[PDB]
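Structure data follow from upload.pdb (PDB, C-alpha atoms):
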```
ATOM      1  CA  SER A  22     125.621  41.295  98.461
ATOM      2  CA  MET A  23     127.936  39.559 100.856
ATOM      3  CA  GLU A  24     126.187  36.185 100.103
ATOM      4  CA  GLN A  25     126.957  36.546  96.315
ATOM      5  CA  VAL A  26     130.619  37.242  97.141
ATOM      6  CA  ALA A  27     130.853  34.208  99.479
ATOM      7  CA  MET A  28     129.288  32.026  96.753
ATOM      8  CA  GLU A  29     131.772  33.442  94.221
ATOM      9  CA  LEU A  30     134.645  32.579  96.615
ATOM     10  CA  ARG A  31     133.293  28.908  96.862
ATOM     11  CA  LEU A  32     133.147  28.734  93.024
ATOM     12  CA  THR A  33     136.690  30.084  92.843
ATOM     13  CA  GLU A  34     137.972  27.514  95.252
ATOM     14  CA  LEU A  35     136.111  24.705  93.371
ATOM     15  CA  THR A  36     137.761  25.988  90.223
ATOM     16  CA  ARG A  37     141.154  25.789  91.904
ATOM     17  CA  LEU A  38     140.506  22.194  93.030
ATOM     18  CA  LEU A  39     139.161  21.195  89.519
ATOM     19  CA  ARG A  40     142.205  22.743  87.875
ATOM     20  CA  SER A  41     144.478  20.421  89.938
ATOM     21  CA  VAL A  42     142.148  17.441  89.152
ATOM     22  CA  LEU A  43     142.299  18.256  85.429
ATOM     23  CA  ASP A  44     146.112  18.375  85.556
ATOM     24  CA  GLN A  45     146.276  15.034  87.274
ATOM     25  CA  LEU A  46     143.870  13.430  84.733
ATOM     26  CA  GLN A  47     145.672  14.796  81.768
ATOM     27  CA  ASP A  48     148.981  13.303  83.059
ATOM     28  CA  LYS A  49     147.312   9.927  82.652
ATOM     29  CA  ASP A  50     147.231  10.686  78.873
ATOM     30  CA  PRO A  51     150.933  11.075  78.167
ATOM     31  CA  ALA A  52     150.421  10.392  74.469
ATOM     32  CA  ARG A  53     148.127  13.456  74.269
ATOM     33  CA  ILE A  54     145.415  11.511  72.435
ATOM     34  CA  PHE A  55     142.716  13.516  74.319
ATOM     35  CA  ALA A  56     144.403  16.894  74.434
ATOM     36  CA  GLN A  57     142.511  18.592  71.650
ATOM     37  CA  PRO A  58     139.152  18.191  69.773
ATOM     38  CA  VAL A  59     138.979  15.560  67.095
ATOM     39  CA  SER A  60     139.757  17.504  63.842
ATOM     40  CA  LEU A  61     136.713  17.808  61.544
ATOM     41  CA  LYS A  62     139.183  18.482  58.715
ATOM     42  CA  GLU A  63     140.841  15.075  59.279
ATOM     43  CA  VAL A  64     137.678  13.156  60.436
ATOM     44  CA  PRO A  65     134.995  14.907  58.394
ATOM     45  CA  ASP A  66     132.178  12.429  59.336
ATOM     46  CA  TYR A  67     132.949  12.542  63.135
ATOM     47  CA  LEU A  68     129.771  14.414  64.108
ATOM     48  CA  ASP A  69     127.641  11.785  62.337
ATOM     49  CA  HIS A  70     129.096   9.337  64.932
ATOM     50  CA  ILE A  71     129.615  11.397  68.051
ATOM     51  CA  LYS A  72     126.976  13.892  69.107
ATOM     52  CA  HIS A  73     128.712  15.582  72.024
ATOM     53  CA  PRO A  74     132.490  15.788  71.342
ATOM     54  CA  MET A  75     134.785  16.516  74.228
ATOM     55  CA  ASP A  76     138.496  16.889  74.926
ATOM     56  CA  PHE A  77     140.829  18.322  77.579
ATOM     57  CA  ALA A  78     141.373  21.711  75.919
ATOM     58  CA  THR A  79     137.627  22.280  75.701
ATOM     59  CA  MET A  80     137.281  21.326  79.431
ATOM     60  CA  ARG A  81     140.063  23.744  80.331
ATOM     61  CA  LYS A  82     138.211  26.612  78.559
ATOM     62  CA  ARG A  83     135.048  25.834  80.483
ATOM     63  CA  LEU A  84     136.980  25.537  83.732
ATOM     64  CA  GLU A  85     138.718  28.927  83.378
ATOM     65  CA  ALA A  86     135.388  30.594  82.716
ATOM     66  CA  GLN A  87     134.263  29.031  86.096
ATOM     67  CA  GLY A  88     131.790  27.082  84.025
ATOM     68  CA  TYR A  89     131.780  23.995  86.297
ATOM     69  CA  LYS A  90     129.265  24.482  89.185
ATOM     70  CA  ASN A  91     130.048  21.153  90.850
ATOM     71  CA  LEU A  92     132.236  18.012  90.423
ATOM     72  CA  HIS A  93     129.360  16.074  88.801
ATOM     73  CA  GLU A  94     129.398  18.470  85.811
ATOM     74  CA  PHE A  95     133.205  18.108  85.393
ATOM     75  CA  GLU A  96     132.986  14.344  85.657
ATOM     76  CA  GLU A  97     130.307  14.299  82.973
ATOM     77  CA  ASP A  98     132.729  15.993  80.535
ATOM     78  CA  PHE A  99     135.599  13.598  81.500
ATOM     79  CA  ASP A 100     133.355  10.640  80.955
ATOM     80  CA  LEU A 101     132.394  11.999  77.451
ATOM     81  CA  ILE A 102     136.082  11.995  76.463
ATOM     82  CA  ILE A 103     136.378   8.301  77.354
ATOM     83  CA  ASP A 104     132.979   7.146  76.214
ATOM     84  CA  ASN A 105     133.194   8.939  72.770
ATOM     85  CA  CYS A 106     136.540   7.285  72.128
ATOM     86  CA  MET A 107     135.354   3.779  73.063
ATOM     87  CA  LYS A 108     132.427   4.075  70.645
ATOM     88  CA  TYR A 109     134.257   5.684  67.614
ATOM     89  CA  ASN A 110     137.309   3.485  67.848
ATOM     90  CA  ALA A 111     137.461  -0.290  67.800
ATOM     91  CA  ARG A 112     138.760  -2.321  70.720
ATOM     92  CA  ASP A 113     142.009  -3.240  68.949
ATOM     93  CA  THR A 114     143.234   0.342  68.528
ATOM     94  CA  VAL A 115     145.763   2.546  70.294
ATOM     95  CA  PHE A 116     142.966   5.073  70.792
ATOM     96  CA  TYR A 117     140.533   2.691  72.539
ATOM     97  CA  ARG A 118     143.330   1.304  74.684
ATOM     98  CA  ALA A 119     144.433   4.806  75.715
ATOM     99  CA  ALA A 120     140.863   5.537  76.849
ATOM    100  CA  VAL A 121     140.676   2.405  78.955
ATOM    101  CA  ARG A 122     143.964   3.322  80.718
ATOM    102  CA  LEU A 123     142.748   6.931  81.294
ATOM    103  CA  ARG A 124     139.447   5.684  82.743
ATOM    104  CA  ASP A 125     141.147   3.193  85.056
ATOM    105  CA  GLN A 126     143.821   5.573  86.273
ATOM    106  CA  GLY A 127     141.514   8.557  86.475
ATOM    107  CA  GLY A 128     139.077   6.638  88.730
ATOM    108  CA  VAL A 129     141.568   6.870  91.608
ATOM    109  CA  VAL A 130     142.007  10.650  91.197
ATOM    110  CA  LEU A 131     138.250  11.202  90.985
ATOM    111  CA  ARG A 132     137.518   8.999  94.019
ATOM    112  CA  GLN A 133     139.539  11.346  96.247
ATOM    113  CA  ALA A 134     138.348  14.535  94.555
ATOM    114  CA  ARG A 135     134.780  13.506  95.485
ATOM    115  CA  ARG A 136     135.814  13.185  99.118
ATOM    116  CA  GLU A 137     137.665  16.633  98.960
ATOM    117  CA  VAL A 138     134.569  18.348  97.540
ATOM    118  CA  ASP A 139     132.205  16.772 100.159
ATOM    119  CA  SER A 140     134.809  17.502 102.891
ATOM    120  CA  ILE A 141     135.637  21.176 102.053
ATOM    121  CA  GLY A 142     131.950  21.852 101.130
TER
END
```
Just give me the structure of the file as structure tokens.
Amino acid sequence: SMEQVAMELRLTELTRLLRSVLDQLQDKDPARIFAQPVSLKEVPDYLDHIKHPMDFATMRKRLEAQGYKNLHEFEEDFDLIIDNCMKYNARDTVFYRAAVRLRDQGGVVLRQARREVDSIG
């Protein structure tokens, strides 16, 4: 149908906007602490601690499959990255501190993305 096509074009454009958002967020992680999944070879007990692991590579896979239907879903995954890290790692660690900086700096990027998604429909 023409409606299904139009909806597919909206999803495509959301995907384009979320791809730029993801690039901007990932630049706020220059140390690449959140780039890839925590290694279960190197942290074998991780899943006993963290029930829903997340990282930027895993978000990028979901994004490129047009697996984000709205900004709320994408934000949920970004928040898991931060929140997982702040639970697993202690306050006095490079890891925890990197999450706080990513959260603080990402907030700005996400505040305008919300307006761009409401604005462009």
Expansion of the PyMOL selection byres ((chain A and resi 59) around 12) into residues, as a PyMOL selection string:
chain A and resi 53-58+60-68+70-71+73-79+102+105-106+109+116
So which residues get picked by the PyMOL selection byres ((chain A and resi 31) around 12) here, written as a VMD selection string?
chain A and resid 24 to 30 32 to 38 87 89 to 91 138 141 to 142
Report as a PDB file with C-alpha atoms, keeping the file's coordinate frame the full result of the PyMOL selection byres ((chain A and resi 119-126) around 12) when it is applied to this structure.
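Contents of selection_33.pdb, freshly written:
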```
ATOM      1  CA  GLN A  45     146.276  15.034  87.274  1.00  0.00           C
ATOM      2  CA  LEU A  46     143.870  13.430  84.733  1.00  0.00           C
ATOM      3  CA  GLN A  47     145.672  14.796  81.768  1.00  0.00           C
ATOM      4  CA  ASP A  48     148.981  13.303  83.059  1.00  0.00           C
ATOM      5  CA  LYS A  49     147.312   9.927  82.652  1.00  0.00           C
ATOM      6  CA  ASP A  50     147.231  10.686  78.873  1.00  0.00           C
ATOM      7  CA  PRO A  51     150.933  11.075  78.167  1.00  0.00           C
ATOM      8  CA  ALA A  52     150.421  10.392  74.469  1.00  0.00           C
ATOM      9  CA  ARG A  53     148.127  13.456  74.269  1.00  0.00           C
ATOM     10  CA  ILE A  54     145.415  11.511  72.435  1.00  0.00           C
ATOM     11  CA  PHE A  55     142.716  13.516  74.319  1.00  0.00           C
ATOM     12  CA  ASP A  76     138.496  16.889  74.926  1.00  0.00           C
ATOM     13  CA  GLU A  96     132.986  14.344  85.657  1.00  0.00           C
ATOM     14  CA  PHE A  99     135.599  13.598  81.500  1.00  0.00           C
ATOM     15  CA  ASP A 100     133.355  10.640  80.955  1.00  0.00           C
ATOM     16  CA  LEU A 101     132.394  11.999  77.451  1.00  0.00           C
ATOM     17  CA  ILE A 102     136.082  11.995  76.463  1.00  0.00           C
ATOM     18  CA  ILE A 103     136.378   8.301  77.354  1.00  0.00           C
ATOM     19  CA  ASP A 104     132.979   7.146  76.214  1.00  0.00           C
ATOM     20  CA  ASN A 105     133.194   8.939  72.770  1.00  0.00           C
ATOM     21  CA  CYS A 106     136.540   7.285  72.128  1.00  0.00           C
ATOM     22  CA  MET A 107     135.354   3.779  73.063  1.00  0.00           C
ATOM     23  CA  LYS A 108     132.427   4.075  70.645  1.00  0.00           C
ATOM     24  CA  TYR A 109     134.257   5.684  67.614  1.00  0.00           C
ATOM     25  CA  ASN A 110     137.309   3.485  67.848  1.00  0.00           C
ATOM     26  CA  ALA A 111     137.461  -0.290  67.800  1.00  0.00           C
ATOM     27  CA  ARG A 112     138.760  -2.321  70.720  1.00  0.00           C
ATOM     28  CA  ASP A 113     142.009  -3.240  68.949  1.00  0.00           C
ATOM     29  CA  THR A 114     143.234   0.342  68.528  1.00  0.00           C
ATOM     30  CA  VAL A 115     145.763   2.546  70.294  1.00  0.00           C
ATOM     31  CA  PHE A 116     142.966   5.073  70.792  1.00  0.00           C
ATOM     32  CA  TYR A 117     140.533   2.691  72.539  1.00  0.00           C
ATOM     33  CA  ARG A 118     143.330   1.304  74.684  1.00  0.00           C
ATOM     34  CA  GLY A 127     141.514   8.557  86.475  1.00  0.00           C
ATOM     35  CA  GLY A 128     139.077   6.638  88.730  1.00  0.00           C
ATOM     36  CA  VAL A 129     141.568   6.870  91.608  1.00  0.00           C
ATOM     37  CA  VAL A 130     142.007  10.650  91.197  1.00  0.00           C
ATOM     38  CA  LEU A 131     138.250  11.202  90.985  1.00  0.00           C
ATOM     39  CA  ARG A 132     137.518   8.999  94.019  1.00  0.00           C
TER      40      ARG A 132
END
```
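Compared by their closest atoms to residue 83 of chain A, and using only C-alpha atoms, the residues A:139, A:69, A:98, A:44 rank with A:98 nearest.
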Could you jot down the atom CA of residue 72 of chain A to atom CA of residue 94 of chain A separation for me, Å, one decimal place?
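These atoms are spaced 17.5 Å apart.
Coordinates place atom CA of residue 136 of chain A at a distance of 22.0 Å from atom CA of residue 81 of chain A.
Here atom CA of residue 134 of chain A is placed at a distance of 18.2 Å from atom CA of residue 85 of chain A.
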Is it possible to get the axis-aligned box enclosing segment 60-79 of chain A (all listed atoms, 4 Å extra per side) as AutoDock Vina command-line options, with centre and edge lengths in Å rounded to one decimal?
```
--center_x 134.2 --center_y 15.8 --center_z 68.0 --size_x 22.4 --size_y 20.9 --size_z 27.2
```
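The closest residue to residue 135 of chain A, picked from A:97, A:22, A:92, A:84 and counting all atoms listed in the file, is A:92.
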Segment 68-116 of chain A written out with N, CA and C atoms as a short mmCIF file (atom, residue, chain, number, x, y, z; two decimals), in the first residue's frame:
```cif
data_model
loop_
_atom_site.label_atom_id
_atom_site.label_comp_id
_atom_site.auth_asym_id
_atom_site.auth_seq_id
_atom_site.Cartn_x
_atom_site.Cartn_y
_atom_site.Cartn_z
N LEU A 68 27.12 -11.37 33.73
CA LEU A 68 25.66 -11.55 33.59
C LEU A 68 24.99 -11.90 34.91
N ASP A 69 25.75 -12.30 35.92
CA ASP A 69 25.22 -12.43 37.27
C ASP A 69 24.92 -11.06 37.87
N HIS A 70 25.61 -10.01 37.37
CA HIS A 70 25.47 -8.63 37.87
C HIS A 70 24.51 -7.83 37.04
N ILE A 71 24.66 -7.89 35.75
CA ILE A 71 23.95 -7.04 34.80
C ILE A 71 23.08 -7.92 33.92
N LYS A 72 21.77 -7.68 34.06
CA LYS A 72 20.79 -8.50 33.31
C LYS A 72 20.50 -8.14 31.86
N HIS A 73 20.68 -6.86 31.49
CA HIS A 73 20.46 -6.41 30.16
C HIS A 73 21.71 -5.57 29.73
N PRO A 74 22.74 -6.27 29.24
CA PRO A 74 23.95 -5.58 28.78
C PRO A 74 23.66 -4.73 27.58
N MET A 75 24.44 -3.64 27.43
CA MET A 75 24.25 -2.82 26.25
C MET A 75 25.57 -2.11 25.95
N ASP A 76 25.74 -1.75 24.69
CA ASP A 76 26.94 -1.03 24.26
C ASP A 76 26.66 -0.37 22.88
N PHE A 77 27.54 0.49 22.43
CA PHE A 77 27.28 1.22 21.19
C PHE A 77 27.28 0.35 19.94
N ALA A 78 28.10 -0.71 19.87
CA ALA A 78 28.07 -1.55 18.70
C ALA A 78 26.73 -2.30 18.54
N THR A 79 26.20 -2.72 19.68
CA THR A 79 24.95 -3.46 19.73
C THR A 79 23.84 -2.48 19.33
N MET A 80 23.88 -1.24 19.81
CA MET A 80 22.87 -0.23 19.34
C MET A 80 22.94 0.02 17.83
N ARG A 81 24.15 0.14 17.30
CA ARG A 81 24.35 0.34 15.89
C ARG A 81 23.77 -0.81 15.06
N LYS A 82 23.88 -2.05 15.52
CA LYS A 82 23.26 -3.19 14.79
C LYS A 82 21.74 -3.03 14.76
N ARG A 83 21.15 -2.73 15.92
CA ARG A 83 19.73 -2.53 15.98
C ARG A 83 19.30 -1.36 15.09
N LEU A 84 20.03 -0.26 15.15
CA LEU A 84 19.70 0.88 14.33
C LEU A 84 19.66 0.54 12.81
N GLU A 85 20.67 -0.16 12.33
CA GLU A 85 20.81 -0.42 10.90
C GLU A 85 19.82 -1.46 10.39
N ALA A 86 19.25 -2.25 11.29
CA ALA A 86 18.10 -3.05 11.00
C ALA A 86 16.78 -2.27 11.13
N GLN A 87 16.84 -0.92 11.20
CA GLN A 87 15.64 -0.09 11.55
C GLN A 87 14.82 -0.65 12.71
N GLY A 88 15.54 -1.09 13.74
CA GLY A 88 14.96 -1.68 14.90
C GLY A 88 14.53 -0.68 15.97
N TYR A 89 14.79 0.64 15.78
CA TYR A 89 14.25 1.62 16.72
C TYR A 89 12.98 2.29 16.11
N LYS A 90 11.85 2.07 16.74
CA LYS A 90 10.56 2.64 16.23
C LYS A 90 10.35 4.08 16.62
N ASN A 91 11.00 4.53 17.70
CA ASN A 91 10.87 5.90 18.17
C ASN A 91 12.15 6.27 18.98
N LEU A 92 12.31 7.54 19.31
CA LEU A 92 13.43 7.99 20.16
C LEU A 92 13.42 7.39 21.55
N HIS A 93 12.25 7.16 22.14
CA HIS A 93 12.17 6.59 23.49
C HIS A 93 12.92 5.24 23.55
N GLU A 94 12.70 4.39 22.56
CA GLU A 94 13.38 3.09 22.51
C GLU A 94 14.94 3.20 22.46
N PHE A 95 15.44 4.16 21.68
CA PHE A 95 16.85 4.42 21.51
C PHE A 95 17.42 4.96 22.79
N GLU A 96 16.72 5.90 23.38
CA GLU A 96 17.12 6.42 24.70
C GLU A 96 17.19 5.37 25.77
N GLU A 97 16.26 4.41 25.75
CA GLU A 97 16.29 3.33 26.73
C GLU A 97 17.63 2.56 26.68
N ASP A 98 18.04 2.26 25.46
CA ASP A 98 19.32 1.53 25.23
C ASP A 98 20.52 2.42 25.66
N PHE A 99 20.48 3.71 25.35
CA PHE A 99 21.60 4.59 25.82
C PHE A 99 21.68 4.63 27.35
N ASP A 100 20.54 4.79 27.98
CA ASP A 100 20.47 4.78 29.39
C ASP A 100 21.00 3.45 29.99
N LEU A 101 20.77 2.29 29.34
CA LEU A 101 21.28 1.01 29.86
C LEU A 101 22.81 1.04 29.88
N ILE A 102 23.40 1.60 28.83
CA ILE A 102 24.89 1.68 28.80
C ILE A 102 25.42 2.34 30.09
N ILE A 103 24.86 3.52 30.39
CA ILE A 103 25.26 4.33 31.51
C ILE A 103 24.91 3.64 32.83
N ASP A 104 23.65 3.21 32.93
CA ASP A 104 23.19 2.71 34.21
C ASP A 104 23.89 1.37 34.60
N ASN A 105 24.21 0.53 33.62
CA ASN A 105 24.88 -0.77 33.83
C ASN A 105 26.24 -0.48 34.41
N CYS A 106 26.90 0.48 33.78
CA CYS A 106 28.28 0.85 34.19
C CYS A 106 28.37 1.40 35.59
N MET A 107 27.42 2.25 35.97
CA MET A 107 27.35 2.87 37.29
C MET A 107 26.97 1.89 38.42
N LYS A 108 26.40 0.75 38.04
CA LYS A 108 26.12 -0.28 39.03
C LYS A 108 27.34 -1.24 39.18
N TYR A 109 27.85 -1.76 38.08
CA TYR A 109 28.98 -2.73 38.04
C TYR A 109 30.25 -2.14 38.60
N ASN A 110 30.52 -0.89 38.21
CA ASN A 110 31.76 -0.26 38.66
C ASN A 110 31.57 0.67 39.81
N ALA A 111 32.55 0.75 40.71
CA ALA A 111 32.51 1.65 41.83
C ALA A 111 32.71 3.10 41.42
N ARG A 112 32.22 4.01 42.23
CA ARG A 112 32.40 5.43 42.02
C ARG A 112 33.81 5.91 41.71
N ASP A 113 34.81 5.34 42.37
CA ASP A 113 36.19 5.78 42.19
C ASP A 113 36.91 5.03 41.04
N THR A 114 36.25 4.82 39.92
CA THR A 114 36.87 4.13 38.82
C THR A 114 36.79 4.97 37.55
N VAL A 115 37.74 4.69 36.64
CA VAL A 115 37.72 5.38 35.34
C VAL A 115 36.44 5.06 34.56
N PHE A 116 35.96 3.85 34.73
CA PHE A 116 34.72 3.42 34.08
C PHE A 116 33.52 4.20 34.54
#
```
